[PDB]
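Student: can you look at this? It's an experimental structure, sequence on top.
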Amino acid sequence: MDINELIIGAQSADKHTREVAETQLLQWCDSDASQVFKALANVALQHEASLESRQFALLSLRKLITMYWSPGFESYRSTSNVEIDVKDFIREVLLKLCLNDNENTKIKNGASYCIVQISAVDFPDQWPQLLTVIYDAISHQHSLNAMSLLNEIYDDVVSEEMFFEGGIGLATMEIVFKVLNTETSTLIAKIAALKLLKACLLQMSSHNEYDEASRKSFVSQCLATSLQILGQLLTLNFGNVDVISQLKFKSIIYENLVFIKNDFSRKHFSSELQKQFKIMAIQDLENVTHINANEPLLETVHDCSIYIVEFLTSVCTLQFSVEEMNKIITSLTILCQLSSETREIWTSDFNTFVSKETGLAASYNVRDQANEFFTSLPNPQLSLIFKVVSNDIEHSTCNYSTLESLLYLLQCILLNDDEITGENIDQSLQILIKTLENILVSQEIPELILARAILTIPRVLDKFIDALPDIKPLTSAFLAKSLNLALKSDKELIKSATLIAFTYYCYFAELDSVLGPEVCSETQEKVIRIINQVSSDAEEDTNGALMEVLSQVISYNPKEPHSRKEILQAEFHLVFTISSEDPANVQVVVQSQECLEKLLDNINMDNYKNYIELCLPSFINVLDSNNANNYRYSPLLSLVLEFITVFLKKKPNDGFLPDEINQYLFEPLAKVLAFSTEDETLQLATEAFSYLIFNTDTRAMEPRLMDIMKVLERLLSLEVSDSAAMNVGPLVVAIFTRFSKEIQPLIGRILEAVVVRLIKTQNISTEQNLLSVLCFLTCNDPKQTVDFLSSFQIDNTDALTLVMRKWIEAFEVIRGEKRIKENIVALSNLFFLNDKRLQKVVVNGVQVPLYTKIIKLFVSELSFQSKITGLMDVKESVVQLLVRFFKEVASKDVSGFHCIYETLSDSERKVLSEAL
Amino acid sequence: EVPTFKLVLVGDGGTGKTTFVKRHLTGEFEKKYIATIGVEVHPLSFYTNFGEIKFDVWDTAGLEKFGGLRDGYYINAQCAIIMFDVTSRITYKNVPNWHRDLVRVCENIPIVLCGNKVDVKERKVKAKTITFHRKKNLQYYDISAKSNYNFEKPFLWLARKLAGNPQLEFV
Ligand SMILES: Nc1nc2c(ncn2[C@@H]2O[C@H](COP(=O)(O)OP(=O)(O)OP(=O)(O)O)[C@@H](O)[C@H]2O)c(=O)[nH]1
Ligand SMILES: [Mg+2]
């Protein structure tokens, strides 16, 4: 009965006290909600209570409101007791808490959340006092608490029907404009008003393609007024004594402008205002860069600069004056400079550098926004600004404090798709490449400047490949220098920069044709050495970059009569080691699959023997080392299985797989299929084993038939999951296609196993896979299959009737044409047997003959078509199967079809007659 | 004397919060989705080169029908993890609501965004996950409970942010 005891016990970590406290609370409030709500409001209003208890009171009141307030909630509970006298009290309590400036932020947040929850039903028509008090407080007292409350109200509960047709929109817009226009309102009040403006713009933007003049005129007027006010505010100035608040003010202003520009029609945002705010934003970059010379301050500086650069990116389609362009460059150089913390992090841990440069870093600095800005520029502005940045680089060669940022802007410009062309770029680019060469040649250069030089040179060569006449010797020289400076230094950051530069060279230049075979071989050796040196400390998705670079390296692997065996062996050693370390990284896994595929596209039955002894013993050792844990799930085991299946699947088309690989793989694959239980492991092992069986020479596999059969029996026996059993199809297909003569004595075991698993399994996809297996068995030898199914019995009941029931039920459930064709051909083969022992079984889904139901289902399929198992792929459409079936039937094999047709509906007979 | 930090796990159902916590607690991994009622409090102990860090993880229910008084648990919390399954884009779309409810009860706490089960099929949310954290200064980690891809990274980052020593590392 003591609310304080309940709200204390409910916060306890132990299970017993918390559950009993919550149960007591819910039982009490279901008995009399009016007392519980009043007590919660009181203990929320008692300033003497602990903050944790007040906040728990508010957050519990929020939940109780969701359940016992009034109908219309999707979770409203019947038999409430909240009379209006309690609602009127707690509404006043909430609208007192939510704007009492002395209250701690957590209590104000809780009160605002409760008000929003109430307003999800009671707003606005039931509680006009809410809006009256908010508007009074905002317009007369500039109470930013009420502005925050209204902003949170627009977020959750206000909808466009309330905004446009209701009084919410006009009144809110007028109040916001009144607050912004008055200079008396404090800067924080202006920030809150601009946040309300942003929420109103989001309301106006959520709906689009309006069809009501009552809205369009209002939207246009509000947009014109808001743009005028934002221009006035940006023309207003401050004493620079509260610079963080000024930075927030500018940040929210340009957030509003970027929202208007990017998510509204161009009609309402005049190009003259575009040109004005362009100049304003450039002046604000200049102001922010001067302010930056004065840690939270730097953070807000970067946040404001991100929004300003975003606005310039939106405006970027406009023309930039040369002085405005120079101001933009001079500001972005100061803003794109690496913070000392990031410089230290990159120097100490090159893995962060690799993550950032690969684009996988969980961050978004001003640098990325500048990249977006330069990427979006149009061709004339891009061509002008490239000259500016190149000139600034040339003048700042000795200014190492800023040169890195200039190289980053140059890189961002060169990432732009548009091809830079102009009056006199040729002289500029020659000076630029000479400067980059001097940077590489120089000594005692800071490692980040050198790393930016190393990655910028590939962009320079790529962008201007159509203009450099000496592109080949320059590319060769720069690649040689990038590799040498990585080999001859212990800064792993430089090595990572060099390998990233190498993959950028691979993405634009055909190195294997411009460098020549010997230079290509030597560069492959240098890159694999660099990767080997780096791999000893790779982490945080550095391995993904190493795998990508190794893929590019192996993509230039020379022809078979000239390839160096040692280089290939080192390449395989690296692709194996780097993927065995950190094996769980899915990107590393898939890139290693692609690397192995690339490394096995150039194989033949002569060199495949050498490939076996290189690759297979590494996989066999992992399979052996996983035997102790019963081949349970492990990323390394799945990785080696996914490598074995690729090595098998990349067979030489000249003929069968060598016996050596079979002798290597058969024992561990048999063991893993006989002992493992994990679904993924069994699936991968079955995928490998089935392909090995399908592509092994007949004379080599013949002695192992008993082992294969035992493995199949275990793999479909009950101690393995049905989802893993789904893969049984390919193994049986491979067995039959390989042992086309030896299966005759043991085929009965296969049929017994298939039928028993079919009748045991519940899983739909497993049922379909076993049906496909049984279909293949019947189509291969219908007589033996029917003889075994009819003669063999399960649980003292013949299998035949049960399998017919399940087969027809599943066929009625089956979908997709690929599976339908197999059932079509199987049932047609069964019909063509013309043996009474089948057709005399009665079946129902009215009880009818089994053949009668077969042909009825076939007719139903023909009606439907009128409008992935692949175990019996013939690449022939179902229509010709149907027409050949019905024409063979009409050839009068058994006279019953005429009686059935006359029994069937006239419409179906007409459909058959019109189809053939 | 041993420091202790309260951790609240949030995220929709099916995102493997319970499997993640159980893996940390015992090393076992349970394959069958069983719903969570209320919250379970599990003490996790991580040894470091600078003593012991002992999180008290609150595995909050991710189902609204079972999230009774869920907001009542975030009080006086010191860190949070927002879990979402990359296989269910709706969970990522609902992540902002989880962040809102976390920052309402305990503002400015260090919060980690974790995309669970990257191993299932292929990523269904791709790189859109970067969009949310980049503005609110969260750190996004691909993690999983079927494979230990990054299972220790969230706790390591939280320990670094709470103990104030970026050089701390688990052993
Ligand atoms: N493939 C895969 N499955 C996983 C992984 N983690 C968990 N699962 C499975 O997905 C489900 C997750 O269950 P829970 O951990 O209870 O999920 P939850 O969202 O925390 O559930 P509640 O606590 O009830 O909200 C279970 O079936 C797990 O076995 C993972 O990394 N990979
Ligand atoms: Mg659960």
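Tutor: In hand now; what should we look at? Numbering: from 1, shown residues only, chains lettered A, B, ... in the order given. Ligands and ions are numbered 1, 2, ... in the order given.
Student: these two touch, right, residue A:608 and residue A:650?
Tutor: No. Applying Cβ atoms under 8 Å, one finds residue A:608 not in contact with residue A:650, separated by 9.3 Å. Every residue, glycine included, has its C-beta placed from N, CA and C.
Student: any idea how far the residue in chain A that ligand 2 sits nearest to lies from ligand 1?
Tutor: Nearest residue of chain A to ligand 2 (Cβ to the ion) works out as residue A:15 at 15.9 Å. According to Cβ to the nearest ligand atom, to the nearest Å, residue A:15 and ligand 1 sit 15 Å apart.
Student: same check, this time on residue A:660
Tutor: Distance, residue A:660 to ligand 1, by Cβ to the nearest ligand atom: 36 Å.
Student: count the residues that sit near that residue.
Tutor: Per other Cβ atoms under 10 Å in any protein chain shown, the neighbour tally for residue A:660 reads 14.
Student: for it, which non-adjacent residue is spatially closest?
Tutor: Using Cβ to Cβ, 6 or more residues apart in numbering or on different chains and skipping residues adjacent in sequence, the residue nearest residue A:660 is residue A:612, 5.2 Å away.
Student: from the chain's centre, how far out does whichever strand or helix holds that neighbour sit?
Tutor: Using DSSP states H and E, residue A:612 falls within helix A:608-625. Mean-position distance between helix A:608-625 and its chain equals 34 Å (Cα atoms, centre = their mean, to the nearest Å).
Student: tell me the buried residues in it?
Tutor: Of the residues in helix A:608-625, A:608, A:611-612, A:615-616, A:619-620, A:622-623 count as buried by neighbour count, 16 or more other Cβ atoms under 10 Å in any protein chain shown.
Student: let me know whether the helix or strand that it is followed by sits next to ligand 1.
Tutor: Sequence order places helix A:635-649 as the next helix or strand after helix A:608-625, per DSSP H and E. No. Shown here: helix A:635-649 not in contact with ligand 1 (Cβ under 6 Å from any ligand atom), separated by at least 11.3 Å.
Student: the helix or strand that helix A:635-649 is followed by vs helix A:635-649, what angle?
Tutor: The helix or strand immediately downstream of helix A:635-649 is helix A:659-675, counting by DSSP H and E. On the basis of axes from the mean of the first three to the mean of the last three Cα atoms, to 10 degrees, helix A:659-675 is oriented at 140 degrees to helix A:635-649.
Student: and residue B:7, helix, strand or coil?
Tutor: strand (DSSP: H, G, I helix; E, B strand; the rest coil).
Student: list the contacts for it?
Tutor: B:55-58, B:77-81, B:158 (Cβ atoms under 8 Å, 6 or more residues apart in numbering or on different chains).
Student: list just the nearest of these to residue A:913.
Tutor: residue B:81 (67.9 Å; Cβ to Cβ).
Student: now stretch A:203-221 - C-alpha only, CSV.
Tutor: Output of stretch A:203-221 as CSV, limited to C-alpha atoms (Å, rounded to 0.1, in the frame of the first residue of the first chain):
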residue,chain,number,x,y,z
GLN,A,203,6.0,18.2,-41.0
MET,A,204,5.6,20.1,-44.3
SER,A,205,8.1,17.8,-46.0
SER,A,206,6.7,14.4,-44.9
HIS,A,207,3.8,14.7,-47.2
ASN,A,208,4.5,15.7,-50.8
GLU,A,209,2.7,16.1,-54.1
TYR,A,210,0.1,18.2,-52.4
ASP,A,211,-3.3,18.8,-54.1
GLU,A,212,-4.9,21.4,-51.9
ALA,A,213,-4.4,25.2,-52.5
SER,A,214,-5.2,25.8,-48.8
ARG,A,215,-1.8,24.1,-48.0
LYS,A,216,0.3,25.3,-50.9
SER,A,217,-0.2,29.0,-50.2
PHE,A,218,0.4,28.5,-46.5
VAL,A,219,3.6,26.5,-47.1
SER,A,220,4.9,29.1,-49.6
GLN,A,221,4.2,32.0,-47.3
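Student: returning to what we had before: which among the buried residues of helix A:608-625 gets closest to chain B?
Tutor: Using Cβ to the nearest Cβ, residue A:622 is the member of those that lies nearest chain B, at 15.8 Å.
Student: tally of neighbours for the residue lying closest to the closest one once chain neighbours are set aside?
Tutor: Distances taken as Cβ to Cβ, 6+ apart place residue A:640 nearest to residue A:622, at 4.4 Å, with adjacent residues excluded. Per other Cβ under 10 Å, the neighbour tally for residue A:640 reads 25.
Student: with residue A:630 instead?
Tutor: 12.
Student: does residue A:602 belong to a helix, a strand or coil?
Tutor: Looking at residue A:602 with three-state DSSP, the answer is coil.
Student: not counting sequence-adjacent ones, nearest residue to it?
Tutor: residue A:560 (6.0 Å).
Student: which of the three states applies to the one you found?
Tutor: Under the three-state scheme (three-state DSSP), residue A:560 adopts coil.
Student: can you check residue A:509 too?
Tutor: Applying three-state DSSP: residue A:509 is coil.
Student: and for residue A:48?
Tutor: Once three-state DSSP is applied, residue A:48 turns out coil.
Student: next: residue B:45.
Tutor: Residue B:45 ends up strand, using three-state DSSP.
Student: number of residues surrounding it?
Tutor: 11.
Student: OK, contacts around it?
Tutor: By Cβ under 8 Å, 6+ apart, residue B:45 lies in contact with B:52-54.
Student: recalculate using a threshold of 6 Å.
Tutor: For residue B:45, the contact set (Cβ atoms under 6 Å, 6 or more residues apart in numbering or on different chains) comprises residue B:54.
Student: neighbours of the residue lying closest to residue A:886 once chain neighbours are set aside, how many?
Tutor: Once flanking residues are discounted, residue A:886 sits nearest to residue A:916: 5.7 Å by Cβ to Cβ, 6+ apart. Using other Cβ under 10 Å, residue A:916 is surrounded by 12 other residues.
Student: what's the spacing between residue A:916 and residue A:885?
Tutor: Distance check for residue A:916 against residue A:885: by Cβ to Cβ, to the nearest Å, it reads 10 Å.
Student: and residue A:238, helix, strand or coil?
Tutor: coil.
Student: ok, how many other residues are close to the nearest residue to residue A:854 once chain neighbours are set aside?
Tutor: Distance criterion Cβ to Cβ, 6+ apart; nearest residue to residue A:854, sequence neighbours excluded, is residue A:827 at 5.0 Å. Residues near residue A:827, counting by other Cβ under 10 Å, number 23.
Student: for chain B, what spans make up the strands?
Tutor: Taking DSSP state E, the strands of chain B run over residues B:4-10, B:39-48, B:51-60, B:79-85, B:111-116, B:139-142.
Student: okay but residue A:345 is in contact with residue A:355, surely?
Tutor: No. With contact defined as Cβ atoms under 6 Å, residue A:345 does not reach residue A:355; the gap is 10.7 Å.
Student: more neighbours, the two?
Tutor: Between residue A:345 and residue A:355, residue A:355 has the larger neighbour count (other Cβ under 10 Å), namely 20 against 17.
Student: thought residue A:361 was touching the more buried one, still the case?
Tutor: Yes. Checked against Cβ under 6 Å, the pair residue A:355 and residue A:361 is within contact range at 4.4 Å.
Student: burial of residue B:156, as a residue count?
Tutor: Neighbour tally, residue B:156, other Cβ under 10 Å: 17.
Student: please apply the same query to residue B:135.
Tutor: Neighbours around residue B:135, by other Cβ under 10 Å: 10.
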